[PDB]
Amino acid sequence: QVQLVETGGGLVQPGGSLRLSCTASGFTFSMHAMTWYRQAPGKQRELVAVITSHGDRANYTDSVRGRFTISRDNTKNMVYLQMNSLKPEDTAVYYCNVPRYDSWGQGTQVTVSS
């Protein structure tokens with residue numbers, strides 16, 4: 001079965017930084033586009049970033065552009081989300097997703113607060 005496991009969340013100050021990881025198994029990861037989504041309380045889930053199978057090109061939602069970077073390691077079968085210059089508005093559960101199947105992990109929590 002497709003399995004995605006996210007980690008790396010935490011509580012950080014405004015302006016701070018976290019690195020999220022997604023460990024993928026159960027599918028030919030190297031040949032799949034991957035995504036990160038997030039869902040904040042009282043809001044719908046939203047796509048944060050998408051990355052090509054090779055890892056060379058990415059698209060971002062407007063609110064995170066220039067601050068977040070999606071990347072991947074196809075040897076380790078991992079996707080990463082580097083979250084820099086964090087803001088309270090970024091507080092949410094962040095989910096790794098395989099768009100081919102709309103597969104989701106259980107998520108990791110990011111809280112940005114003073």
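In this chain, numbering begins with 1 at the start of the sequence shown. Below, all heavy atoms of this structure are taken into account, side chains as well, without hydrogens, waters or symmetry copies.
Proximity of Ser25 to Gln3: side-chain heavy atoms (C-beta onward) are separated by under 4.5 Å at one or more points. Considering only heavy atoms from C-beta on, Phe27 comes within 4.5 Å of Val98 through its side chain.
Although no hydrogens or angles enter the test, the distance criterion places no donor-acceptor pair under 3.5 Å between the side chain of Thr28 and the main chain of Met31. A donor-acceptor pair is defined here as one N or O able to donate and one able to accept, closer than 3.5 Å; no such pair exists between the side chain of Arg72 and the backbone of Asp56. The closest donor-acceptor contact from the side chain of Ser103 to the backbone of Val2 lies at 3.5 Å or more, if one exists at all. When atom types are taken as modelled, the side chain of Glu6 and the backbone of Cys96 share a donor-acceptor pair closer than 3.5 angstrom. Checking side-chain atoms of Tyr60 against main-chain N and O of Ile70 turns up a donor-acceptor pair under 3.5 Å. Here the side chain of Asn74 pairs a donor or acceptor atom with the backbone of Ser53 at under 3.5 angstrom.
Here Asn77 contributes atom CG and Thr23 contributes atom OG1; the two are 9.5 Å apart, rounded to the nearest 0.5 Å. Rounding to the nearest 0.5 angstrom, the gap separating the CD1 atom in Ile51 from the CZ atom in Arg57 is 11.5 Å. From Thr7, atom OG1 reaches atom CE of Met78 across 9.0 Å, with rounding to the nearest 0.5 Å. Here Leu47 contributes atom CG and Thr61 contributes atom OG1; the two are 7.0 Å apart, rounded to the nearest 0.5 Å. Separation of atoms CG (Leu11) and CG (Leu86) is listed at 11.0 Å; rounding is to 0.5 Å. Going from atom CG of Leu81 over to atom CZ of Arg19 covers 11.0 Å, rounded to the nearest 0.5 Å.
Taking the six-membered ring for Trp, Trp36 and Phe68 have ring centres at least 6.0 Å apart.
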Between side-chain atoms of residues 106-114 and protein atoms elsewhere (two or more places apart, or another chain), which donor-acceptor pairs fall under 3.5 Å?
unit_1: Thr108; atom_1: OG1; unit_2: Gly9; atom_2: N; d: 3.0
unit_1: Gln109; atom_1: NE2; unit_2: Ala92; atom_2: O; d: 3.4

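Between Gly105 and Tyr95 the shortest heavy-atom distance is O-CD2, 3.3 Å. Taking each heavy atom of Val12 and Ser17 in turn, the nearest pair found is CG1-O, 3.8 Å. The minimum heavy-atom distance between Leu4 and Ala24, with the atom names listed, is CD2-CB, 3.8 Å. Shown here for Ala33 and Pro99, the closest heavy-atom pair between the two residues is O-CD, 3.3 Å.
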side-chain contact (heavy atoms from CB on, under 4.5 Å) evaluation trace for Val50 with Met34:
CA-CA 6 Å; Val50 52; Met34 292 297 291; over 6 Å; no
Criterion side-chain contact (heavy atoms from CB on, under 4.5 Å) on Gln82 and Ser71, from CA distance to verdict:
CA-CA 8 Å; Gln82 186 64 33; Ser71 66; over 6 Å; no
Could you check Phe29 against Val79 for side-chain contact (heavy atoms from CB on, under 4.5 Å), going step by step and ending with a plain yes or no?
CA-CA 10 Å; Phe29 180 86; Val79 200; 3.6 Å; yes
side-chain contact (heavy atoms from CB on, under 4.5 Å) for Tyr94 and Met83? Distances and angles first, verdict last.
CA-CA 11 Å; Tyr94 284 72; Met83 306 171 73; 3.3 Å; yes
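Within the structure, salt bridge (charged side-chain N to carboxylate O under 4.0 Å, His left out) pairs that include any residue of residues 41-50 comprise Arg38-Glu46 (at least two apart or interchain). For residues 97-114, the set of pairs meeting the salt bridge (charged side-chain N to carboxylate O under 4.0 Å, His left out) definition, not counting sequence neighbours, is empty.
Heavy atoms from other residues, nucleotides or ligands lying under 6.0 Å from CZ of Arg67 number more than 12.
The residues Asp62 and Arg65 are annotated as salt-bridged, a charged nitrogen and a carboxylate oxygen being separated by less than 4.0 angstrom.
Below 30°, between 30° and 60°, or above 60°: for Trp104 and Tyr37 the angle between ring planes is above 60°, a perpendicular geometry.
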